[PDB]
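sharing an experimental structure here, sequence included.
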Amino acid sequence: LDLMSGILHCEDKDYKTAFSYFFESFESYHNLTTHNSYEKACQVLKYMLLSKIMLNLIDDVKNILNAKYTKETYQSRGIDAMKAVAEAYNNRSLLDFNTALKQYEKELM
Amino acid sequence: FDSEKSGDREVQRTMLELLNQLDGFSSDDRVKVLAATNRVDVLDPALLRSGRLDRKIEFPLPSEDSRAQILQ
Amino acid sequence: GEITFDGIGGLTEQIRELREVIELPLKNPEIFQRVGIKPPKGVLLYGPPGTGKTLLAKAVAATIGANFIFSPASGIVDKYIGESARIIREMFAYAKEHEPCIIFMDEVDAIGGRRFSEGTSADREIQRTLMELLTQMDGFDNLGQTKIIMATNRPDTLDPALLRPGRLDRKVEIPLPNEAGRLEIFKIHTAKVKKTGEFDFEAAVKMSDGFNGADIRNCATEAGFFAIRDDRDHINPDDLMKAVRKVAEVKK
Amino acid sequence: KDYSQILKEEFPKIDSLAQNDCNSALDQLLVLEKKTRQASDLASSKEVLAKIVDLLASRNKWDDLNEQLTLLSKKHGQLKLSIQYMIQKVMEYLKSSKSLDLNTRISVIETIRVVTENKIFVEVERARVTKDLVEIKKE
Amino acid sequence: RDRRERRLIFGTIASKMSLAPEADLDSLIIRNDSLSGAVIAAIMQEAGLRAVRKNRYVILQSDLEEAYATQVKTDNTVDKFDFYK
Amino acid sequence: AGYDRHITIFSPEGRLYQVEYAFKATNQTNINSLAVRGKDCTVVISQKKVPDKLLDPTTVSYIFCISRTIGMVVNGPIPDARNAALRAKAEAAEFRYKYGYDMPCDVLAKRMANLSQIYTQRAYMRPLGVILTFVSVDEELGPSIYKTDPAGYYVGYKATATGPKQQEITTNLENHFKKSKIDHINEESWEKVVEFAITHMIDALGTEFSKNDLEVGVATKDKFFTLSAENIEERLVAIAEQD
Amino acid sequence: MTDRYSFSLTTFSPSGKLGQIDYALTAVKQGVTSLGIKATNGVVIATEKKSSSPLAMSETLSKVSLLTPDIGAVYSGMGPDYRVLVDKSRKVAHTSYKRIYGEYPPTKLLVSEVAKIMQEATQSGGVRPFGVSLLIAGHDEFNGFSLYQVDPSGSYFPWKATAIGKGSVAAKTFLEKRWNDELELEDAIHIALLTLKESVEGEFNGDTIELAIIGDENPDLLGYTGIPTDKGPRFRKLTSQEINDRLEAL
Amino acid sequence: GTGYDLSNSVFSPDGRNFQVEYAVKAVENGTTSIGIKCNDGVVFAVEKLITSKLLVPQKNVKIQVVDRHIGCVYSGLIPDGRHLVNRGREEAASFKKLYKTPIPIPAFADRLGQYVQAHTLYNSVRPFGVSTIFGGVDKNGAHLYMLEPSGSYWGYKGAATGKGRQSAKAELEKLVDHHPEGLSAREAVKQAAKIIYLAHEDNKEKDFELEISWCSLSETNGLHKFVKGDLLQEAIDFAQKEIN
């Protein structure tokens, strides 16, 4: 219910409260064990990082991958694509923005 | 201790203002407050201190030789 | 103020907390604007009436030097046109126009309280004062540098709407002072009383339990009458033990 | 009964001392301390108990004295502040000595639990010996 | 209250205040139960007050635990949870 | 009018006010006691306050002896304590009169539960201002703790606590058992169990006591006794070493 | 010794009712949430164990008691008031019954004696009435399975499926949600687990939930063989491992 | 809602019975009584209010006795203290009936304690507003207990109650440090007389009469005896010189 609601908070901007809808599911599907697969749990984590990039907070994105409590050992190609977007926001260059576009195009696009 | 002070509401603020006015001027000892009553029942930590009632002087009934001096 | 912060000793546990939530935000409010927080507005100090209440009232304004606004509960409830309304509003405006102002309330149980059934029979003045205090704080005009100190007999008998955060953020009990804190008090009021150099200040601390500057003056009253009987201009260190022991029987 | 407690200290101090100053002293603390220690009743701690440390000094290697000092603050004791006064004094004998005591001053900091862990509300001595350790590491 | 419904206040009020990456807001959610809007908002407010007491312009993890013990227990009364007598 | 707080009747809020005021009388003495269980035994420790120097430390006891096996721990005034003490010793004797074997642990808690109800159910009897705590070693389930409140309710407890500070003592006992995932403490000798309860007691309180300020009950298998002043002092010296 | 209050504490209110009984229903509606359902082949009884501390073992307290093992019971209300009813009901069902009829009482006969005992302390002076509500359901050789709802006033009422407790307002709709005459004994268990879960604010497992059903006569729970007339007790209390096994089938 | 003091079973919001607190006030309005606990025996001392010279000395004695081996003394109302001893004396014969042995101190301690705690439960009966002080010698030693109107009693190395208990408790604590081992029965009589004169400052409005009795092992051999002869005369002249 929060994942379907968090999508409605995308085109409406206001990403401050949109991260709570996505973070509520991460700990919810984590305790489901077999009920969640590897690919389904990977897409849920991508929603949290995508909401923070729209909110423009660099420190909160680095705390997700660095801290094991926030990461819970979930990593893939599409997850690393969100890190390249956050690094391109500080330097403000479209070269690194389109760099991860072609390589990660499978999962990213 | 009760909540029935609604009828005593005028009496309640009487003792409250007494504590307030005695704290206004602490440099004047020439204003004396004396209360002559039958006995003491309800106490208070606010009533016992400087500038207020402190020494309790009992007024018992006169003794054998005391009534002889009064009548004389 | 006429009473500094050295005569309120024994409350130093609370004194360290009160100075940081009152003296610190009043002298330098600009430190909170950088973080984005808000300082508390009111400070609720309850306890037994008459003990340390008069001292802490003048002690807050002494370490500051601002104006001391005293609000007696007797004059708050009267029969007039707009009585308690004009008292709080003009005080609210006088605190905004003049920043160095400290408001102190004494015995708010008369103007407060839950009563019994929460009905009103000649009770309209109780709700008149309480509703105005809560409405001025949550409005679009707050008090940044203004501190309001309230006192009552019991905290549980007041309005729970005020105790919630957003208006009154400070609830602090006033218990009896410790033994090490009553030594500094006994060196102040007794200093004005003429005595000798052999006077022992450690005689009372053993027999004193929760005796502030108000209770020690009763010991000086009994010691002042003793100097006339013995034809002396001072008192012996034994007069301190006999005077505190008499007070310890009536008090705690 | 009044001064008789402090008179029994110097009596074994005179006659014969060989290697036995450790057992003939610290064991006396177990007999006393039971009903004593009110205000002025101290005949040993803070006064004579500090003299025992002065007796154990200049006797054997400081490693044995450093271990016996922990046992005083281990079981019961009285006040850690009184022990902190002795620790400040031991640092003075080690400073005027030096020689092989350069590494001894480091072992005293780690062995005593007063410096490593919280004991009494006065920690002033805990940071005093710590600054001396910084001067050793900087060299 | 709910875990996310309370988190909506943490992610909002604390967004306007300076904090540190060491401080974690997840510990103040699950541990807290049945709190109003101002009580949770007072946690971020008291954390900033205690930081000024130590002269700090940010919010650390230690300042959260010091301000947590004050607002965690609103019930001092006894004789509760009584299904008997 | 004020008969709700005078005699025991159904209140508009569904609470008995007269009985609830008896619980506040348990904290008048300010005694915080915890009960822990070993492997085959159970050890309980209670606080002891001696305000007057003329008090005899041998006569003052907060932990009584019901029989050679089952003990009792009471927090509160002695007059309400002896009311439940005379019945507990009598009902334990009446059991072997009609049966002949030893009363189990959960049985004495039930016998005293209906008796404490008589005070609450009947208006002419006031409820006791004490709380009953029974610890012993059962012949089947082994160590067990049954703490009977004046309400007349009893249920099994892993490690319980009482007094105003019981909230701080309980928090210490929660973090210790969740790590070991066991209800009791596993130890062979019963002397080490005494040191285990003192460790959790000091950290919850934050102060130290002497041999005369504490009373340590010890319930072993088929035996029960109470440590004297010299035995409690030996436990404080033994725990001083190592930890 | 010489009780001086013989007057009843329950008096008629000026509104036309009894205050002591009306105020006793408050503790019933504020008590522990329980439920029961009567099927054709058996009766299911479920309740929730609410512990004020995590260190309190819930295995000692039994919220589902046993009078005679044709009938289960549960209390939505004061425990001590319920415990004295257990000792007295077993007495009138054995000393005053089994010593006469030489058998065990049915469901309708058991609620008749318990209802009279609850009123004894209500009318008598110097004693407080019973504010506990009981649910008594069992099997009969003729009328079959029958369930009753015992009020603290002493008036029982028959019910097919009833739930009383804190969430009793919303629980009655859940028992009236899916119901028919084709329900089984195990089919009512899955409904009981989903209904009770609505009122559980804490952990939900076999330890914190007490589930007891009334089935056929169990020879394994009897203890002897060779007598065909007695096949064993009908009442069976489920363990912690059996409750968790039926949770994955929901 | 007031009225908490109108019944014994009604508890105050703080959990303290008002009737119990009022029973202590009745003790402060009565004649004080002291006591001394020795090793081989116990010593009891109590004064008397002298209205005029019409009172005949050594006739009416507030010190009671339980069998021959136990003395008793109370401070408070006269009928309350004497009735409690009668219950203990009648039950003392029941103990010798079944058990054939004389009742010791620990068996006599719980004897009077069960009655006082029973009156607090029943609101229809009045509790004893007196402070009972009893003692004696048994097979295990000599013990001294002090009973309170609330039914609270424990071991006491000294017993002080009544109006003058404030100055009496200070002297009993000094005798412990002066004699940590024990005290003789003859010296305890002289020391108990000085304590009585110390509390006489409030009683100076009238005269005074001292009644001292003690029971020990090596002297009375478990027999309750009153101080008479030259032992009483030497004890009076010794305390009167030290008090002034």
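That came in fine, so what should we check first? Numbers count the residues shown, from 1 in each chain, chains lettered A, B, ... in the order given.

around chain B, pick out the residues from the stretch 1-150 of chain C.
Within the stretch 1-150 of chain C, the residues that sit near chain B (Cβ under 8 Å from any Cβ of the partner chain) are C:2, C:48-51, C:53-54, C:70, C:72-75, C:77, C:106-107, C:110, C:113, C:115-116, C:121-123. (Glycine included, C-beta is placed from N, CA and C.)

go again using 7 Å as the cut-off
Within the stretch 1-150 of chain C, the positions adjacent to chain B are C:48-51, C:54, C:72-74, C:77, C:106-107, C:110, C:115-116, C:121-123 by Cβ under 7 Å from any Cβ of the partner chain.

among those residues, which ones are in helices?
Residues of these located in helices (DSSP state H): C:54, C:73-74.

neighbours of residue H:137, how many?
For residue H:137, the neighbour count with other Cβ atoms under 10 Å in any protein chain shown is 25.

can you map out the helices along chain C?
Going by DSSP H, chain C shows helices at C:12-21, C:23-27, C:30-35, C:53-62, C:73-76, C:83-97, C:124-138, C:160-163, C:182-186, C:189-192, C:202-207, C:213-229, C:238-250.

ditto for chain B
Along chain B, counting by DSSP H, helices occupy B:9-24, B:64-71.

dump those into JSON lines; add mean neighbour count and distance to residue B:38 as well.
Below are these laid out as JSON lines (neighbours: other Cβ atoms under 10 Å in any protein chain shown; distance: least, Cβ to Cβ, whole Å):
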{"stretch": "helix B:9-24", "mean neighbour count": "15", "distance to residue B:38": "17"}
{"stretch": "helix B:64-71", "mean neighbour count": "8", "distance to residue B:38": "19"}
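
adding distance to chain G and neighbour count, write the ones in helices among the residues of the stretch 1-150 of chain C next to chain B out as TSV.
What follows is these, written out as TSV (distance: Cβ to the nearest Cβ, whole Å; neighbours: other Cβ atoms under 10 Å in any protein chain shown):
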residue	distance to chain G	neighbour count
C:54	44	24
C:73	38	22
C:74	41	21
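
pick out whichever of those sits closest to chain A.
Nearest to chain A among those is residue C:73, at 45.3 Å by Cβ to the nearest Cβ.

my read: that closest one touches residue C:108, true?
Yes: using Cβ atoms under 7 Å, residue C:73 makes contact with residue C:108 at a distance of 6.4 Å.

between the two, what contacts are shared?
Between them, residue C:73 and residue C:108 share no contacting residue under Cβ atoms under 7 Å, 6 or more residues apart in numbering or on different chains.

and of the helices of chain C, who's closest to residue F:16?
With distances scored as Cβ to Cβ, the stretch of the helices of chain C nearest to residue F:16 is helix C:160-163 (24.7 Å).

is the closest one positioned near chain E?
No: between helix C:160-163 and chain E, judged by Cβ under 7 Å from any Cβ, nothing touches; the nearest distance is 9.5 Å.

can you point out the buried residues in that helix?
Going by neighbour count (16 or more other Cβ atoms under 10 Å in any protein chain shown), the buried part of helix C:160-163 is residue C:162.

and it, how far from the chain's centre?
Remark: helix C:160-163 is offset 20 Å from the chain centroid, using Cα atoms, centre = their mean, to the nearest Å.

quick revisit: and which of the ones in helices among the residues of the stretch 1-150 of chain C next to chain B is nearest to chain D?
residue C:54 (31.8 Å).

what's the closest non-adjacent residue to that closest one?
residue B:23 (5.0 Å; Cβ to Cβ, 6 or more residues apart in numbering or on different chains).

quick one, helices of chain E?
For chain E, the helices defined by DSSP H cover E:3-13, E:27-30, E:37-53, E:61-71.

in a markdown table: those helices, plus mean neighbour count and distance to residue H:64.
Putting the helices of chain E into a markdown table (neighbours: other Cβ under 10 Å; distance: least, Cβ to Cβ, whole Å) gives the following:
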| stretch | mean neighbour count | distance to residue H:64 |
| --- | --- | --- |
| helix E:3-13 | 18 | 70 |
| helix E:27-30 | 17 | 68 |
| helix E:37-53 | 21 | 64 |
| helix E:61-71 | 16 | 58 |
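
for chain F, what is the nearest residue in chain H?
Residue of chain H nearest chain F, by Cβ to the nearest Cβ: residue H:155 (2.5 Å).
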